[PDB]
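Q: Residue numbers (PDB author numbering): 11 to 421. Below: one structure in structure tokens.
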Ligand SMILES: CCCCCCCCCCCCCC(=O)SCCNC(=O)CCNC(=O)[C@H](O)C(C)(C)COP(=O)(O)OP(=O)(O)OC[C@H]1O[C@@H](n2cnc3c(N)ncnc32)[C@H](O)[C@@H]1OP(=O)(O)O
Ligand SMILES: CCSc1c(C(=O)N2CCOCC2)cnc2ccc(OCc3ccccc3)cc12
Ligand SMILES: [Mg+2]
């Protein structure tokens, strides 16, 4: 049933994942010297290409491939349209490895046909709390703790095959070449997410949406006006009032994050993230890169009242092309990114996220039920969607965990 995934070092069934007790590698250890030095073979009409993410033009070629051929729902309503500014941000964090950006082009016209990207991440991925308890009970602490140290691994994202080349087994060849390039840098694990079920997730969570511009959403969504608004005389007026937000933030002291905030944001975020079983560790340079505001891409506010930063939140922008509409070309979504609250309740911090996003002309705020996101779903009027984000590791055995034990946000 999986001609490619059956050949890879990943858990092969749900049952296998539910029986794993300790974190650790799937494969026995290899060295960089064991790994082929030459690119994986490809058909003579194609060639491997390493785009330069410094170069505006190479970013633009990747942007167009993804604009026309990236993730689209099963009803062909929406397709993500990550901006060029976003792809530069995502693809070039501190100490990124250019070789981990892997593309296929047609040899004749140099048309870009496929892409996949890896970036570095430092991840806590040792045995989860509930499994460490089971291990202490049985005198197996030392085994359970062996891979507790944060590991410098690869995060994979942006896998894409052009629509004309679908179902030709090109995605496996991109996955193999990316694995080769990562392994030749002495990295042996990756983390990735997908909205589809593959073998085999260690965690899965539903997506949640909070309408910010419900009229637009009703024009473009399959279901809007949501049917349960039909018992009213004016369904649309009741829908608008349901989702209405204040026009200005409520936390006194909220302001945009600035470079001097980096060390305090790093500290409050690290203290919060360290409570979860799977989560990143960020250097000051990675806090600066992923959290300082960047126009049209990432938006980050701190609560500082008395010249001390006690709270912050961030969101990032992913527009989608709206495939079948007269009125609207684009859906402007704000996705909840990292946050930390030490002085106000999390729901009060995130309400100011919604207030800012709405003031800036976003249509919807999205998130997955990771972190403590479930804590404010009902009061802030998020609704579950149809989708699930599934979290995976490559070459890492890991017990099944709840998505409220995952602290890694995927872009
Ligand atoms: C140590 C370092 C390791 C680094 C590598 C770590 C692994 C990284 C893994 C990648 C994480 C990516 C994270 C993201 O970016 S998730 C976003 C994925 N992108 C899209 O959904 C964009 C639109 N769709 C497409 O571009 C294509 O349909 C793709 C490229 C998805 C498949 O192309 P195509 O439809 O033309 O099919 P094929 O004939 O070439 O290939 C068929 C094989 O592909 C398997 N498949 C289908 N979807 C996915 C998927 N989302 N992750 C992994 N595998 C996938 C499928 O099970 C089958 O294998 P098997 O069932 O027969 O065995
Ligand atoms: C985030 C999953 S839903 C989705 C949106 C989205 O934000 N929506 C659509 C429903 O109206 C408001 C919220 C926007 N553009 C998309 C583009 C592709 C797509 O493919 C399905 C998918 C399912 C799970 C995870 C990722 C993608 C879904 C969406
Ligand atoms: Mg293919």
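Note that beta-carbon positions come from the ideal geometry of N, C-alpha and C, so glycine has one too.
1) Let me make sure I understand the geometry here. Which of 391, 418, 393 and 392 has the alpha-carbon closest to that of residue 403?
2) Considering just the uninterrupted stretch of the alpha helix (DSSP H) at residue 190, what are its terminal residues?
3) Give me the Cα-Cα distance between residue 179 and residue 166, rounded to the nearest whole angstrom.
4) With a cut-off of 8 Å, do at least 3 Cβ pairs link the segment 103-122 to the segment 183-196?
5) Which runs of the alpha helix (DSSP H) spanning at least 4 residues fall entirely within the segment 318-390, listed in chain order?
6) Identify the continuous alpha helix (DSSP H) that holds residue 406 and give its terminal residues.
7) Cα separation between residue 59 and residue 254?
8) Leaving out the 5 sequence neighbours to the left and right, which residues in its chain are closer than 7 Å to residue 389 when beta-carbon positions are compared?
9) Rounded to the nearest angstrom, what separates residue 245 and residue 377 at their Cα positions?
10) Please list the terminal residues of the continuous alpha helix (DSSP H) segment that includes residue 224.
11) Roughly how many angstroms lie between the CA atoms of residue 256 and residue 407, to the nearest whole one?
12) Rounded to whole angstroms, what's the CA-CA distance from residue 239 to residue 251? Just pull it up for me.
13) Rounded C-beta distance between residue 175 and residue 124? I'm assuming under 8 Å.
14) Quick one: what's residue 115 bridged to in DSSP?
15) Look at the alpha carbon of residue 308 and the alpha carbon of residue 96, and state the distance between them as a whole number of angstroms.
16) Any idea what DSSP makes of residue 77, helix, strand or coil?
17) Does residue 146 pass the burial test, meaning 16 or more other C-beta atoms within 10 Å, or should it be called exposed?
18) Cβ atoms of residue 416 and residue 219: under 8 Å apart, would you say?
19) Counting Cβ pairs, one atom from each stretch, are 3 or more of them under 8 Å apart for the segment 344-361 and the segment 312-327?
20) Kindly give me the distance between the Cβ atoms of residue 56 and residue 182, rounded to whole angstroms, as I take these residues to be in contact under 8 Å.
21) Shortest alpha-carbon distance to residue 36 belongs to which of 63, 198 and 66?
22) Let me check you understand the geometry: is the CB of residue 111 closer than 7 Å to at least one non-hydrogen atom of ligand 2?
23) Can you name the start and end residues of the alpha helix (DSSP H) that residue 146 belongs to?
24) Let me make sure I understand the geometry here. Which of 129, 149 and 154 has the alpha-carbon closest to that of residue 169?
25) For the segment 268-276 against the segment 291-310, are there 3 or more C-beta pairs whose distance is under 8 Å?
26) Can you check which of these residues, 381, 284, 300 and 158, is closest to residue 137 by C-alpha distance?
27) Under 7 Å from any heavy atom of ligand 3, does the C-beta of residue 177 make it?
28) Which residue spans inside the segment 196-278 form an unbroken alpha helix (DSSP H) run of at least 4?
29) If you run the structure through DSSP and keep just helix, strand and coil, what is residue 128?
30) Using only the alpha-carbon positions, how far apart do residue 314 and residue 367 sit?
31) Pick out whichever of 249, 317, 119 and 154 has its Cα sitting closest to the Cα of residue 221.
32) Taking the C-alpha atoms as reference points, what is the distance between residue 131 and residue 195?
33) Sorted by chain position, which residues of the same chain lie with C-beta nearer than 8 Å to residue 265's C-beta, five sequence neighbours on each side aside?
34) Out of 73, 81 and 106, which one is the CA nearest neighbour of residue 93?
35) I need the DSSP call for residue 26, collapsed to helix, strand or coil.
36) Would you please state the rounded distance, in angstroms, between the beta carbons of residue 372 and residue 343? I believe it to be under 8 Å.
A: Once the coordinates are examined:
1) In the chain shown, residue 403 corresponds to position 393, counting from 1. When only C-alpha atoms are compared, the closest one is 418.
2) Translated into positions along the chain shown, residue 190 becomes position 180. Element bounds for residue 190: 180-193.
3) As a working note, residue 179 is residue 169 in the chain shown. As a working note, residue 166 is residue 156 in the chain shown. One Cα belongs to residue 179, the other to residue 166, and the distance between them is close to 19 Å.
4) These segments touch.
5) Whole alpha helix (DSSP H) segments, 4+ residues: 356-369.
6) In the chain shown, residue 406 corresponds to position 396, counting from 1. Neither: residue 406 is in no alpha helix (DSSP H) and is coded neither H nor E.
7) Along the chain shown, one-based indexing puts residue 59 at 49. Along the chain shown, one-based indexing puts residue 254 at 244. Using only the alpha carbons, I get a separation of about 48 Å.
8) On the chain shown, residue 389 is found 379 positions in, with the first residue counted as 1. Excluding sequence neighbours, residue 389 sits near 357.
9) As a first step, residue 245 is located in the chain shown; it is residue number 235 there, counting from the start. As a first step, residue 377 is located in the chain shown; it is residue number 367 there, counting from the start. Looking at the two C-alpha atoms, the distance is approximately 26 Å.
10) Counting from one through the chain shown, the residue named residue 224 turns up at place 214. Note, residue 224: alpha helix (DSSP H), 224-230.
11) Along the chain shown, one-based indexing puts residue 256 at 246. Along the chain shown, one-based indexing puts residue 407 at 397. Each residue's alpha carbon lies about 46 Å from the other.
12) The sequence position of residue 239 within the chain shown is 229, counting from 1. The sequence position of residue 251 within the chain shown is 241, counting from 1. Straight-line Cα distance between these residues: approximately 12 Å.
13) Locating residue 175 in the chain shown gives position 165, where the first residue counts as 1. Locating residue 124 in the chain shown gives position 114, where the first residue counts as 1. Residue 175 to residue 124, Cβ: 7 Å. Contact.
14) Looking up residue 115 in the chain shown gives position 105. 57 and 122.
15) Taking the first residue of the chain shown as 1, we reach residue 308 at position 298. Taking the first residue of the chain shown as 1, we reach residue 96 at position 86. If I take the Cα positions, the gap works out to 8 Å.
16) Walking along the chain shown from the start, residue 77 turns up at place 67. In the structure shown, residue 77 sits in a helix (DSSP, three-state: H, G or I).
17) Position 136 of the chain shown, counting from 1, holds the residue named residue 146. Flag for residue 146 reads exposed.
18) Locating residue 219 in the chain shown gives position 209, counting from the first residue. Locating residue 416 in the chain shown gives position 406, counting from the first residue. No, they are not a contact pair.
19) yes
20) Along the chain shown, read from residue 1 onward, the residue named residue 56 stands at position 46. Along the chain shown, read from residue 1 onward, the residue named residue 182 stands at position 172. Incorrect: roughly 14 Å between the Cβ atoms, too far for contact.
21) Locating residue 36 in the chain shown gives position 26, counting from the first residue. Of the listed residues, the one whose Cα sits closest to residue 36 is 198.
22) Position 101 of the chain shown, counting from 1, holds the residue named residue 111. No, the Cβ of residue 111 stays beyond 7 Å of every heavy atom of ligand 2.
23) Here residue 146 refers to the residue found at position 136 when the chain shown is read from its first residue. From DSSP, the alpha helix (DSSP H) with residue 146 extends over 139-147.
24) Here residue 169 is taken as the residue at index 159 of the chain shown, counted from 1. Out of 129, 149 and 154, 129 has the C-alpha closest to the C-alpha of residue 169.
25) yes
26) Here the question's residue 137 lines up with position 127 in the chain shown. Considering only alpha carbons, the answer is 158.
27) Your numbering for residue 177 matches position 167 in the chain shown. Indeed, a heavy atom of ligand 3 lies less than 7 Å from the Cβ.
28) 224-230 and 245-252
29) Residue numbering aside, residue 128 sits at position 118 when the chain shown is read from its first letter. In the structure shown, residue 128 sits in a strand (DSSP, three-state: E or B).
30) Position 304 of the chain shown, counted from the first residue, corresponds to residue 314. Position 357 of the chain shown, counted from the first residue, corresponds to residue 367. Looking at the backbone, the Cα of residue 314 and that of residue 367 are separated by about 19 Å.
31) Looking up residue 221 in the chain shown gives position 211. Of the listed residues, the one whose Cα sits closest to residue 221 is 249.
32) Within the chain shown, residue 131 is the residue found at index 121, counting from 1. Within the chain shown, residue 195 is the residue found at index 185, counting from 1. Whole-angstrom Cα-Cα distance: 14 Å.
33) Within the chain shown, numbered from 1, the residue matching residue 265 stands at position 255. Cβ neighbours of residue 265 beyond the five flanking positions: 311, 312 and 314.
34) The residue given as residue 93 occupies position 83 in the chain shown. Among 73, 81 and 106, the Cα nearest to that of residue 93 is on 73.
35) Within the chain shown, the letter at position 16 stands for residue 26. Residue 26: helix per DSSP, three-state reduction.
36) Locating residue 372 in the chain shown gives position 362, where the first residue counts as 1. Locating residue 343 in the chain shown gives position 333, where the first residue counts as 1. Going by Cβ atoms, the distance from residue 372 to residue 343 rounds to 7 Å, so yes, they are a contact pair.
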